[PDB]
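Engineer: Before I ask anything, here's the sequence and the deposited coordinates:
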Amino acid sequence: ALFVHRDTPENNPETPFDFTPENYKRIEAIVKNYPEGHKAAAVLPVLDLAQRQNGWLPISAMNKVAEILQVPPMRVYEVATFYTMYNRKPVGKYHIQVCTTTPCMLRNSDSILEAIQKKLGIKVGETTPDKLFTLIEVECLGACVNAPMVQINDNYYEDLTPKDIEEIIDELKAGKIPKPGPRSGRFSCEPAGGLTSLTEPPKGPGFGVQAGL
Amino acid sequence: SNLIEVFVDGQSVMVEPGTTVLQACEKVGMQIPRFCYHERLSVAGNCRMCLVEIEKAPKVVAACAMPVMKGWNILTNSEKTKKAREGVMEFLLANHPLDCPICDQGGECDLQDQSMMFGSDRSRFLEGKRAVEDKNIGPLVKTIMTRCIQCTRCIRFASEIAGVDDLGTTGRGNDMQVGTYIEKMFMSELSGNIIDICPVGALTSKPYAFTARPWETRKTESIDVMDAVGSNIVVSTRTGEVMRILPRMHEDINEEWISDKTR
Amino acid sequence: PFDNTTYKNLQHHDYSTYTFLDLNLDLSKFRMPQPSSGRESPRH
Amino acid sequence: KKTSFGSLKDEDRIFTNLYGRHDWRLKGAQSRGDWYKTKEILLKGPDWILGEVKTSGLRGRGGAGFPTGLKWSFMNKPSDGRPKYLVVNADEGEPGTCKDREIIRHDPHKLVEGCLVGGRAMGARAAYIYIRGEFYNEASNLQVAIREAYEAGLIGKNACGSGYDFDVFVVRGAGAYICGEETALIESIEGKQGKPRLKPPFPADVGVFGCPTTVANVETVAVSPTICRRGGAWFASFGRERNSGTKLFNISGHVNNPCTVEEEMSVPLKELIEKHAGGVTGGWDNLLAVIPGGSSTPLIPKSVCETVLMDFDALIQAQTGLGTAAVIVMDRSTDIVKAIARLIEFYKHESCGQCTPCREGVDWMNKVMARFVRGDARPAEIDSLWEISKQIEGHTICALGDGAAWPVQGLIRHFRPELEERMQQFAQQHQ
Ligand SMILES: Cc1cc2nc3c(=O)[nH]c(=O)nc-3n(C[C@H](O)[C@H](O)[C@H](O)COP(=O)(O)O)c2cc1C
Ligand code: SF4
Ligand code: SF4
Ligand code: SF4
Ligand code: FES
Ligand code: FES
Ligand SMILES: [K+]
């Protein structure tokens, strides 16, 4: 949790990184989304791309993005250390992120944190010896009505209970892909035990349209 | 022709459009407090020491950044203004280290002086303070970054004046840190100037370190001969010895900067 | 037959690491030419 | 006039695929009435569209609640040579708020159509949809929905066949609540730290890439096509005067059935919780406090919750605000000081650090609130904390600073005896 860089044998400007040819084509499309003369707007998406290819951001990757976009390296470092989704240390294969802000706290997200810690034998902020799971607390993930919820890599797992989360870790260790979403009865954000709205057939085109178009 | 009339504490003054509230106060000889604003740097508006009341406006405005509007009355000394300064000074000093006796800025420090003139006379902060690691940026500027107040003057000067995009802020929140992220030296021919524009003892002259105090120096206004520009300088001496070189403002020559060889 | 009992947003169960950027690459043939500020960058 | 509000009907619900029970892709969206007579709306001109939005009484759904037709009309002016843009705020970062998430993934074509309709009103050439980076799957749904519209001619060149060129770009965030702030969002698009800008200039003059920009919430833009189709008067027939239309509500916390639901504005808070959320856990009598509009709004105790209505003007009178309309419910088992202390901890982690009162003040408030949770303080410190919050409020660059102060003030305003009691317990234990 430090915001200074000290070169180490596995993280220095000579650490091998470079985009694959497939990613170099994705980068071209990213840059075309912005006006000519404002290529620096691509810093966030291109940095994220480097992390998706590599899993984390060595300083060499930051320099590579700076070189590609012709942006001073410090301006890339500033972005990398501001946004919390960028990993400047290697993380596990599965980055478990437990929301602990108040709405999730009110639904016993602490029990979810306990279940993950007891099952994995690690503490918040640590990685397992096998380097499969890294566990952190995060702020509201925009799924508060489905609390308690966690994010693992790109997926949300919601309305959790200590049992449900323990199963998901079993599925990940075994190599399977657990389907995202609520683990209770419901499918998304509707009230449990039956809809209280949107029960009628949706109205079709042209319904209630004002005269004169 | 296009000058507009504004009032500073009820005193009319005619100012060009685009003039900020801070610049309007200057015209009547009132200097608004500031930390992040430097007239030769880009406007930042982040320290909030320049907050000033506009009559009938419920919100204090940042004087350094807010353009004046015709008929505005700036209350530079209202209780609303004075309370804003006290609140900001209190936040500025909450984590600042108790370093004045060992800090080279002592005696010519804008934080000290504005705390005296515009802040409260005591603390109500009952927590532990932040402490930051120092960073080595070369043999000329010593960094004691726990004193930094995150005004970003050094960043803007390095980017705009010196044309070096090496300084920046990393992290965010209370943990936001000014520096180079990596181990880098800020070795520009104009680097030493960031000692002058840093309002606090975060950036100080390494050669000058610990040798004098401001009140005991004699200022000899003189000229630089290290090149052919003829930069106006102040030769600081004490008890018959030259202690340091400072810039002297000359708009048509060196503005308020000197080169590192001159310094 | 109107069915209000099944979740119909199950495609994202099969999204992968490059789905978003692959779609962005796919969309590139549809975009209008970008405007220009007249220089390569503010540093030019 | 109408005197009671609520009991909205499905016939009059804008977001009809709120629960993902129907197809979210173009085929489903069209059958539900999206993209219908979009060409007619575009050929009626910006002044007609802004008038429809002006007459609808729509107010910003992002939190500030600023009237939308008036705000959008700032772009209604001749071009000076720069391009014009509509930035759509899909950051959805306010704790308790998840309404925008359902719109993006289940009704993406309403947002995409809203982008074009609102973009036409402002004369914008494209829309950038800034969606938080943690919504990867929702962002992929949106790009799929955007691709279908491009392939149907509904956007891009000659959009809908109206002779109007409009692009819809999706740009993802990287983890920062402060990038929901309008100007901090713009700096993020430009590839900088998400630090807000001072105003002036206002975005309608100097926005993204230095160009005229309007930042609109996802919900604000998603309902815009329907208001144009069904008319502003239809939308204005809902909710109290100046509090018009249908609102998305998130009821979370200590309810039996936490959910997102669309309900008429000015619905009573009590009715909303009982009707849709199944009521407070342990009975309505087990209610302690409610945060009515997301974490930034001050809480209210059970007594106020009894009769308060859910709209901008009603909640301002209760010394709070509608905010994002995210209702966080706390029953009597809650440690209220701990619950509010966790929100101040959230603002501490989300402050961009740019400006002094929030960079230093919020962290100071967090350190004090942590001691209040344990009672390791003195009663005189309560008034000190109130004064500190007032030094942050109205002195910062952006409204995150105000949003950190208000929860603290709400706790002190309604639960001061709880704070003093905890200090009494701590003092007598170490006595
Ligand atoms: C800290 C902070 C976070 C915000 N987050 C969001 C957000 O996630 N989504 C949003 O629509 N507005 C957010 N806002 C409000 C925006 O600044 C802005 O008022 C709004 O997006 C304008 O859109 P509207 O007029 O349609 O409501 C936030 C404001 C602040 C101060
Ligand atoms: S910077 Fe100023 S206030 Fe801070 S320790 Fe040095 S002299 Fe004292
Ligand atoms: S080091 Fe000095 S000039 Fe730079 S941000 Fe800190 S206080 Fe300001
Ligand atoms: S109030 Fe906080 S988040 Fe907003 S600009 Fe100031 S420091 Fe940044
Ligand atoms: S509080 Fe956890 S998702 Fe919002
Ligand atoms: S001098 Fe104006 S905010 Fe710093
Ligand atoms: K200094």
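Structural biologist: Arrived safely, thanks for sending. Numbering: from 1, shown residues only, chains lettered A, B, ... in the order given. Ligands and ions are numbered 1, 2, ... in the order given.
Engineer: drop to CA atoms for contacts and neighbour counts, all remaining ones
Structural biologist: OK.
Engineer: Which parts of the chain are helices?
Structural biologist: By default, I'm working from chain A. Ranges of helices within chain A are A:21-31, A:43-54, A:59-69, A:73-82, A:102-105, A:109-120, A:162-173, based on DSSP state H.
Engineer: The intended chain is chain C.
Structural biologist: Along chain C, counting by DSSP H, helices occupy C:19-27.
Engineer: returning to that earlier point: need the helices of chain A in TSV (columns: distance to residue D:122 and mean neighbour count).
Structural biologist: Shown next, in TSV, are the helices of chain A (distance: least, CA to CA, whole Å; neighbours: other CA atoms under 10 Å in any protein chain shown):
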stretch	distance to residue D:122	mean neighbour count
helix A:21-31	25	17
helix A:43-54	27	21
helix A:59-69	31	20
helix A:73-82	31	23
helix A:102-105	37	27
helix A:109-120	44	18
helix A:162-173	47	16
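Engineer: Indicate which one of these is closest to residue D:265.
Structural biologist: Closest of the helices of chain A to residue D:265 is helix A:102-105, at 22.9 Å (criterion: CA to CA).
Engineer: Can you name the residues in contact with the closest one?
Structural biologist: Contacts to helix A:102-105, defined as CA atoms under 8 Å, 6 or more residues apart in numbering or on different chains, come from residues A:140, A:144-145, A:147-149, D:95-96, D:252-253, D:328, D:339-340, D:342-343.
Engineer: go with 10 Å
Structural biologist: Helix A:102-105 has contacts (CA atoms under 10 Å, 6 or more residues apart in numbering or on different chains) with A:98-99, A:108-112, A:139-141, A:143-150, A:159, D:95-97, D:251-254, D:294-295, D:327-330, D:338-343, D:345-346.
Engineer: What's the separation between the closest residue to residue D:199 other than its chain neighbours and residue A:114?
Structural biologist: Spatial nearest neighbour of residue D:199, excluding adjacent residues (CA to CA, 6 or more residues apart in numbering or on different chains): residue B:66 at 7.9 Å. As defined by CA to CA, to the nearest Å, residue B:66 lies at a distance of 51 Å from residue A:114.
Engineer: To residue B:180, which of the helices of chain A lies closest?
Structural biologist: helix A:73-82 (6.9 Å).
Engineer: anything in that closest one near ligand 4?
Structural biologist: No: counting by CA under 6 Å from any ligand atom, ligand 4 has no neighbours in helix A:73-82; the shortest distance is 11.8 Å.
Engineer: Check which helices and strands that helix sits against.
Structural biologist: Applying 3 or more CA pairs under 10 Å, 6 or more residues apart in numbering or on different chains; DSSP states H and E, one finds that helix A:73-82 makes contact with helix A:43-54, helix A:59-69, strand B:168-170.
Engineer: And these: which comes nearest residue D:77?
Structural biologist: Among the helices and strands packed on helix A:73-82, helix A:43-54 sits nearest to residue D:77 (CA to CA), with 31.9 Å.
Engineer: tilt between that closest one and helix C:19-27?
Structural biologist: If you take axes from the mean of the first three to the mean of the last three CA atoms, to 10 degrees, helix A:43-54 sits at 120 degrees to helix C:19-27.
Engineer: Restricting to C-alpha, output helix A:43-54 in CSV.
Structural biologist: Output in CSV follows, covering the C-alpha atoms of helix A:43-54 (Å, rounded to 0.1, in the frame of the first residue of the first chain):
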residue,chain,number,x,y,z
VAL,A,43,-4.3,6.2,-21.0
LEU,A,44,-6.9,4.6,-18.8
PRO,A,45,-8.2,2.0,-21.3
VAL,A,46,-4.8,1.1,-22.6
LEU,A,47,-3.3,0.7,-19.1
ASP,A,48,-6.3,-1.5,-18.3
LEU,A,49,-5.5,-3.5,-21.4
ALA,A,50,-1.9,-4.1,-20.3
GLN,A,51,-3.2,-5.4,-17.0
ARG,A,52,-5.6,-7.7,-18.7
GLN,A,53,-2.8,-9.2,-20.8
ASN,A,54,-0.3,-9.3,-17.9
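Engineer: Counting by contacts, list what it packs against.
Structural biologist: Where contact means 3+ CA pairs under 10 Å, 6+ apart, helix A:43-54 is packed against helix A:21-31, helix A:59-69, helix A:73-82, strand D:167-172, helix D:182-189.
Engineer: So which bits of the top helix by length along chain D are buried?
Structural biologist: Longest helix in chain D, counting residues (DSSP H): helix D:400-430. By neighbour count on 16 or more other CA atoms under 10 Å in any protein chain shown, the buried set for helix D:400-430 is D:400-412, D:415, D:418-420, D:422-424, D:426.
Engineer: do the same with stretch D:189-208
Structural biologist: Applying a neighbour-count criterion of 16+ other CA under 10 Å, one finds D:189-198, D:203-208 buried in stretch D:189-208.
Engineer: ok, the residues you listed vs ligand 5, which is closest?
Structural biologist: Among the buried residues of stretch D:189-208, residue D:194 lies closest to ligand 5 (CA to the nearest ligand atom), at 20.5 Å.
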